[PDB]
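One structure is given below, encoded as structure tokens.
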Amino acid sequence: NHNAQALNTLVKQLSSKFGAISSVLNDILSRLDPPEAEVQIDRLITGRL
Amino acid sequence: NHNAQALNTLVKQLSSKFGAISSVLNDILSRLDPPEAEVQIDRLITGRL
Amino acid sequence: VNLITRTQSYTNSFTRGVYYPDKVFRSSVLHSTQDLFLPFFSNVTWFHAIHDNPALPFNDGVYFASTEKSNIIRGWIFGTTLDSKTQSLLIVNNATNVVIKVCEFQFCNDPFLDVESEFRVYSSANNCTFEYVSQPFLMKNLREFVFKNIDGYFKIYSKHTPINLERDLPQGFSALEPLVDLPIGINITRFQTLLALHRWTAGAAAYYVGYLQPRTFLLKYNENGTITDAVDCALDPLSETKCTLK
Amino acid sequence: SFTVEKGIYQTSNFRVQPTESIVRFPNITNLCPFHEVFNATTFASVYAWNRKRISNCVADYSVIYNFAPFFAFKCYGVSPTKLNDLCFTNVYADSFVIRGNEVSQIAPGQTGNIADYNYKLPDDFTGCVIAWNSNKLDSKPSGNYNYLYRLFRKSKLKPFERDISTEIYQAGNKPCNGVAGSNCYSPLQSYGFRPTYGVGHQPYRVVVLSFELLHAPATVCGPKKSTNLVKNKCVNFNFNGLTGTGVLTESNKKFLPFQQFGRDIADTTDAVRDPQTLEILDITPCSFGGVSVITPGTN
Amino acid sequence: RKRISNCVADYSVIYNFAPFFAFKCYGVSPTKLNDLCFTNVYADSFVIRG
Ligand SMILES: *[C@@H]1O[C@H](CO)[C@@H](O)[C@H](O)[C@H]1NC(C)=O
Ligand SMILES: *[C@@H]1O[C@H](CO)[C@@H](O)[C@H](O)[C@H]1NC(C)=O
Ligand SMILES: *[C@@H]1O[C@H](CO)[C@@H](O)[C@H](O)[C@H]1NC(C)=O
Ligand SMILES: *[C@@H]1O[C@H](CO)[C@@H](O)[C@H](O)[C@H]1NC(C)=O
Ligand SMILES: *[C@@H]1O[C@H](CO)[C@@H](O)[C@H](O)[C@H]1NC(C)=O
Ligand SMILES: *[C@@H]1O[C@H](CO)[C@@H](O)[C@H](O)[C@H]1NC(C)=O
Ligand SMILES: *[C@@H]1O[C@H](CO)[C@@H](O)[C@H](O)[C@H]1NC(C)=O
Ligand SMILES: *[C@@H]1O[C@H](CO)[C@@H](O)[C@H](O)[C@H]1NC(C)=O
């Protein structure tokens with residue numbers, strides 16, 4: 001039960017925004033100017049780490 | 001072996017940028033305007049912590 | 001005039017074409033680099049020219065090797081159409097100087113030197129801005145050169161080494177050192193080779209050509225600061241394991 | 001706390017403080033000719049932009065404000081007020097004339113006609129951009145037609161790449177055959193400049209300054225006096241803009257003639273080459289350590 | 001207030017209609033407008049002080 005719960009929580013954590021405009025990298029890449037996309041990607045990277 | 005590896009990893013970690021423009025504090029201080037240098041110093045501080 | 005014929009063969013590069021990636025001193029460390037390198041154990045073309053479409057592709061970069069001594073080889077040409085409608089490079093060497101120009105030359109099918117007028121290379125050049133003059137590059141011996149361009153910057157590396165009697169490329173390691181970086185800022189697709197012909201008279205030349213690719217390398221520095229060993233991380237599973245374990 | 005129990009405690013560290021300061025700069029006496037770049041009374045078209053190289057001179061940027069009536073700088077890798085301290089290897093100056101509403105396209109990671117067909121900047125650009133209005137000089141009542149820009153191109157340009165070829169752009173399967181017929185155009189349009197347009201449609205003069213960091217011996221930087229060289233003492237040092245503190249000693253390392261710096265595992269400088277005398281020096285941190293206090297109880 | 005729907009939008013021509021200096025966008029970037037696809041567009045216009 002503990003192992004399954006931990007893995008499920010880890011998977012569920014991928015849908016958080018962490019202060020960015022979206023939780024999907026493709027949307028950020030397709031909607032934002034390239035030098036302005038790093039400030040949004042960094043938040044997601046830090047949260048997932 | 002474990003102790004040596006841990007210390008070596010800790011020392012090696014000092015050369016990361018963590019999203020800043022450089023990993024050397026002196027370069028940031030000498031190349032950037034003083035109120036604009038904090039946003040770069042903070043990233044390094046957080047990574048090292 | 002067309003008076004040159006060419007023949008081709010294939011051979012193995014072994015482990016050649018390593019250069020210092022930066023002008024930084026290091027010693028007794030293992031370093032990881034990602035750059036345009038010549039892959040280990042790859043096809044290299046052996047060209048014999050005797051007296052022809054020597055407009056070989058340039059691709060990302062070029063590795064050139066020559067084991068001759070008669071100094072029959074000199075200079076190179078670079079461009080995308082080799083016509084007067086587009087600018088092109090005119091690196092030319094002689095015994096005293098090197099002259100590099102970026103003009104719209106009307107090049108000929110088979111360019112060479114009369115020996116010493118370039119009237120057989122291009123008809124005329126009218127509009128251009130970039131000219132440069134310096135000390136010539138070329139000075140039982142093997143000469144290795146690397147040419148590339150990134151972000152409008154043309155970079156050249158070179159090395160000269162002594163070689164014994166051998167019919168193939170040697171075994172071992174020999175690093176290359178940078179010479180010239182220039183603000184080229186043009187489009188390069190094909191390149192060319194120039195030879196001098198006395199009057200004409202029969203001539204022979206031979207050289208090795210290879211192409212660079214983006215690769216990751218692991219270099220080893222000895223206590224004196226020289227590169228003595230390298231590992232290519234995309235050759236076989238063992239090399240990948242070595243790179244991962246550093 | 002105001003009371004201490006019996007034991008041994010770790011309080012702080014001791015360090016030796018620097019005594020003086022050392023500045024070492026190369027032998028440069030000329031002045032960089034920024035005046036010739038500005039007021040050239042003739043600016044090239046955007047599709048064929050001029051490029052000038054600046055090297056081996058002393059650069060005083062504060063005088064640039066007296067040459068053109070611009071409002072402010074726009075720098076990316078550095079700050080305008082710190083330009084008088086850094087030392088570079090080469091400087092590049094590009095100049096051209098564009099429209100008012102295209103000025104935003106001269107920036108890293110931009111898209112548009114000018115960005116992808118005329119002038120492109122790298123995504124890791126380090127330099128400054130200056131632009132100012134030139135309506136009183138580049139406008140005519142009938143309409144100026146000496147400035148042109150490219151409209152059609154097969155593929156997008158690369159950073160710092162120029163195109164000069166004039167041909168007939170083909171938008172169909174049939175060859176153009178050198179005539180501007182159907183599906184065949186001339187890829188060079190001309191700005192029509194009039195003094196009665198709005199601010200967004202008036203001509204603007206643009207100058208871009210590009211810097212090169214220290215990888216080779218430096219050649220361009222500002223007027224900083226150079227002091228003597230002291231050794232075997234804890235001192236502040238400044239070598240070509242590289243600042244630090246420590247002890248400078250003789251070096252036994254065998255630097256290659258094209259190398260200028262030495263790094264260690266932590267990627268910090270530990271060997272340097274003096275700009276004036278081609279000599280290698282080693283840098284070590286000043287003496288330091290930790291202090292512990294042993295006491296019985298304050299009672 | 002005007003509603004725009006069921007059409008192909010080419011924003012690069014807007015620069016030829018008014019002598020403005022630059023866009024001011026919040027959720028997106030001006031240079032990426034030619035790739036995104038929306039459901040409806042609304043345009044509001046008025047006159048104010050400087
Ligand atoms: C070189 O290329 C040929 C075919 O073009 C191939 O058969 C050979 O394995 C390659 N490598 C060599 C000769 O080392
Ligand atoms: C080599 O070429 C340069 C450039 O044209 C020329 O000045 C020089 O005289 C040439 N060398 C000889 C030995 O003629
Ligand atoms: C330079 O370019 C112009 C315009 O493309 C052309 O008319 C001229 O013939 C070229 N050569 C010279 C020497 O002006
Ligand atoms: C390193 O350099 C020293 C001094 O020249 C020399 O004695 C020694 O043999 C060198 N060692 C290697 C491995 O090159
Ligand atoms: C140089 O630029 C200044 C700008 O104030 C101008 O007044 C002056 O006439 C210019 N000189 C020349 C020779 O163009
Ligand atoms: C360079 O030349 C090649 C050869 O025709 C062409 O395909 C390409 O579009 C040109 N431009 C760039 C940026 O590669
Ligand atoms: C720099 O100038 C000083 C004094 O004029 C001189 O002693 C020194 O040799 C010079 N160094 C170089 C590299 O020119
Ligand atoms: C449309 O706007 C342009 C703006 O340049 C103007 O010149 C033109 O007269 C306008 N047309 C109408 C019908 O209002």
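Labels for the structure tokens follow display order: chains A, B, ..., residues from 1 in each chain, ligands from 1.
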
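Selecting all polymer residues at most 8 Å from ligand 1, using only C-alpha atoms and all ligand atoms, gives residues 10, 11, 12, 13, 41, 42, 43, 44 and 45 of chain C.
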
(request) Would you list the residues that come within 10 Å of ligand 6? Count only C-alpha atoms and all ligand atoms and give the answer as JSON, numbers by chain. (result) {"C": [79, 80, 81, 186, 187, 188, 189, 190], "D": [116, 153, 154, 155, 156, 157, 158, 159, 161, 163]}

Export of prior selection with C-alpha atoms as a JSON list (two decimals), in the first residue's frame:
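To be explicit, this is the file written out as again.json:
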```json
[["chain", "number", "residue", "atom", "x", "y", "z"],
["C", 79, "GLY", "CA", 31.20, 29.27, -51.17],
["C", 80, "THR", "CA", 27.68, 28.16, -51.98],
["C", 81, "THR", "CA", 27.45, 28.65, -55.76],
["C", 186, "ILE", "CA", 28.32, 34.24, -45.18],
["C", 187, "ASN", "CA", 26.66, 31.01, -46.33],
["C", 188, "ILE", "CA", 29.04, 28.12, -47.06],
["C", 189, "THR", "CA", 27.94, 24.88, -48.74],
["C", 190, "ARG", "CA", 30.84, 23.72, -50.95],
["D", 116, "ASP", "CA", 14.49, 36.60, -40.39],
["D", 153, "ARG", "CA", 13.46, 34.66, -49.15],
["D", 154, "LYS", "CA", 13.50, 30.87, -49.41],
["D", 155, "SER", "CA", 14.85, 30.21, -45.90],
["D", 156, "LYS", "CA", 15.40, 32.20, -42.72],
["D", 157, "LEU", "CA", 18.77, 33.82, -42.08],
["D", 158, "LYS", "CA", 21.40, 32.76, -39.57],
["D", 159, "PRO", "CA", 22.79, 35.10, -36.89],
["D", 161, "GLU", "CA", 24.56, 36.65, -41.85],
["D", 163, "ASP", "CA", 22.55, 38.67, -48.11]]
```

Would you give me, as a CSV table (one decimal) with C-alpha atoms, in the first residue's frame, the residues of chain A that come within 7 Å of chain E, using only C-alpha atoms?
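Wrote it out as part.csv, contents follow:
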```csv
chain,number,residue,atom,x,y,z
A,31,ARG,CA,2.6,30.6,-26.7
A,32,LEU,CA,5.7,32.5,-25.5
A,33,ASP,CA,8.7,34.3,-26.9
```

Using only C-alpha atoms and all ligand atoms, what does the table of chain D residues within 7 Å of ligand 5 look like, with each row giving the shortest atom pair and its distance in Å to one decimal, sorted by chain and ascending number, as a tab-separated table?
```
residue	atom	partner	partner_atom_place_in_ligand_line	distance
D:35	CA	ligand 5	1 (C)	6.7
D:38	CA	ligand 5	2 (O)	6.4
D:39	CA	ligand 5	2 (O)	4.4
D:40	CA	ligand 5	14 (O)	5.8
D:41	CA	ligand 5	14 (O)	6.3
D:66	CA	ligand 5	5 (O)	6.2
D:67	CA	ligand 5	4 (C)	4.3
D:68	CA	ligand 5	4 (C)	5.4
```

(request) Would you mind listing the residues within 9 Å of ligand 8, counting only C-alpha atoms and all ligand atoms, as JSON, numbers by chain? (result) {"D": [197], "E": [16, 17, 18, 19]}

For the residues in that selection, give me C-alpha atoms as a short mmCIF file (atom, residue, chain, number, x, y, z; two decimals), in the first residue's frame.
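Saved result, result-v4.cif, follows:
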```cif
data_model
loop_
_atom_site.label_atom_id
_atom_site.label_comp_id
_atom_site.auth_asym_id
_atom_site.auth_seq_id
_atom_site.Cartn_x
_atom_site.Cartn_y
_atom_site.Cartn_z
CA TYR D 197 3.66 60.36 -41.24
CA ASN E 16 0.23 48.89 -41.87
CA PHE E 17 -3.03 50.34 -40.52
CA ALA E 18 -2.07 52.55 -37.56
CA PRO E 19 1.12 54.45 -36.67
#
```

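Going from atom CA of residue D:260 over to atom CA of residue B:30, you cover 19.7 Å.
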
(message) As an exercise, work out the distance from atom CA of residue D:19 to atom CA of residue D:239 in Å and give it to one decimal place.
(response) 17.3 Å

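Every protein or nucleic acid residue with an atom no more than 9 Å from residue D:270, counting only C-alpha atoms and leaving out same-chain residues fewer than 3 positions away, appears here: residues 261, 262, 263, 264, 281, 282, 283 and 284 of chain D.
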